[PDB]
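Heads up: the sequence shown runs through residues 1 to 140, 147 to 351, numbered per the authors' numbering. Idealized CB from N, CA, C, for every residue including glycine.
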Amino acid sequence: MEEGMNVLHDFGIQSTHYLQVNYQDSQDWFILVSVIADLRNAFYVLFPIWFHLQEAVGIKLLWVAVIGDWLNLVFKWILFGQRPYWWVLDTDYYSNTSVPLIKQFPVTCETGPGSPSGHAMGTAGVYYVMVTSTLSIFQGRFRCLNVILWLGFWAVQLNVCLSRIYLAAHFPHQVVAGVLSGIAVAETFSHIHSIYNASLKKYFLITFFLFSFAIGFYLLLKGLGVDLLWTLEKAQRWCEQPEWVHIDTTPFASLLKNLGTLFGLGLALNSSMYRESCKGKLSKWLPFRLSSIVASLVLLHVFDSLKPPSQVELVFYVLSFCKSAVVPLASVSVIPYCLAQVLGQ
């Protein structure tokens, strides 16, 4: 079945070449789109705003994002996808025909497999959840409101797809599958209502099960002989400048971040500092929510500038877990309690 893969890869290369030639003055816009589409923004900006606006959209958003990350990371090891910047120079399709010209940017050279496309998936899921929740409100000129929101959602998705294709980092089918998978995950979590009134026991057990399954699957794959670092050899000789390749010594960097965010949300929701400020409080009015949002955003942006050391794997893992768990605590329990006490005078 190599012929189908070769045809898809050739179509991806042709699309990348066409975009890189006919659209020369769109580098900055595509770089901005690719850098905004990081999920750090989803966990640092979109969650504090929505949690203090509806108290239920934030939970669904965080759950969808974490599960999308988990699924992306798990399927990355087994899907065995390739990226356009090293396929064009390491193939045999163009053996009797001219090789198409592909240009690499400092954002192009990447070290991981590119099959699940963990940029369009998270954006698709998060923005689908946000749009569906927004249209859930204002239910009772609604037809005019539906189409504008859906056009905006699809415009964002198309821009993300074009940005990933332009930088020669993905093929169209990978990004399309990522978008569809994100939509499917969001719709699946649309039908679960037992994730709201859950104690700390459920959160701890779910986090433990996810961590154990990921570690066991990785060890099982490594034991059987399945290659897992097959891409480090390719993103070392086909990159035009060696300075553009940043080797990774922490393969479990993002799984622990996701588990930390989940456990931090679980701890923050089940606390005395929460049901005394955000719930059952006399001084609950819209300026209080706005002040909490502003303070949370500013303090989280300030706090983001702390980088744990990477010299020791255990220390790095523990500090990453702690720093990822701090955000929900500060955004839910600590800051609103302080504003309730200070502003309650």
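Cβ neighbours of residue i in the same chain (closer than 7 Å, five flanking residues each side left out)
i	result
residue 345	294, 297, 298, 301
residue 42	65, 122, 126
residue 6	93
residue 17	100, 101, 102
residue 31	107
Whole-angstrom distance between residue j and residue i, CA atom to CA atom
i	j	result
residue 44	residue 94	45 Å
residue 128	residue 85	31 Å
residue 347	residue 151	39 Å
residue 40	residue 311	12 Å
residue 105	residue 349	50 Å
residue 4	residue 78	19 Å
residue 242	residue 251	7 Å
residue 60	residue 201	8 Å
residue 134	residue 164	21 Å
residue 341	residue 286	16 Å
residue 48	residue 303	7 Å
residue 214	residue 320	18 Å
residue 25	residue 173	13 Å
residue 227	residue 2	24 Å
residue 161	residue 278	43 Å
residue 209	residue 305	26 Å
residue 27	residue 249	20 Å
residue 55	residue 140	20 Å
residue 157	residue 147	16 Å
residue 328	residue 149	45 Å
residue 35	residue 46	15 Å
residue 23	residue 230	46 Å
residue 232	residue 199	38 Å
residue 292	residue 136	20 Å
residue 247	residue 29	23 Å
residue 309	residue 91	45 Å
Nearest residue (CA-CA) to residue i, options the options
i	options	result
residue 192	97, 57, 233, 50	57
residue 274	216, 310, 204	204
residue 245	102, 10, 11	102
residue 240	76, 62, 89	89
residue 307	224, 332, 285, 327	332
residue 351	219, 289, 48	289
residue 336	267, 292, 23, 313	267
residue 166	54, 119, 232, 20	119
residue 97	343, 10, 321	10
residue 50	131, 34, 31, 216	131
residue 111	15, 247, 31, 235	235
residue 207	276, 231, 253	276
residue 113	29, 75, 19	75
residue 280	20, 52, 46	52
residue 73	221, 292, 232, 233	221
residue 238	257, 231, 229, 185	257
residue 37	339, 185, 247	185
residue 70	199, 177, 219, 136	219
residue 19	136, 91, 177	177
Cβ-Cβ distance between residue i and residue j below 7 Å
i	j	result
residue 271	residue 334	yes
residue 108	residue 183	no
residue 68	residue 115	no
residue 195	residue 63	yes
residue 260	residue 181	no
residue 8	residue 197	no
residue 330	residue 314	no
residue 224	residue 283	no
residue 217	residue 155	no
residue 124	residue 189	yes
residue 169	residue 21	no
residue 15	residue 171	yes
Contacts around residue i, its chain only, beta-carbon distance under 6 Å, and the 5 residues preceding and following it disregarded
i	result
residue 323	262
residue 153	none
residue 187	121
residue 339	274, 277, 279, 280
Sequence-distant residues of its chain with Cβ nearer than 8 Å to residue i (five each side left out)
i	result
residue 13	84, 87, 88, 100, 102
residue 138	151
residue 159	127, 128, 131
residue 255	316, 319
residue 253	111, 238
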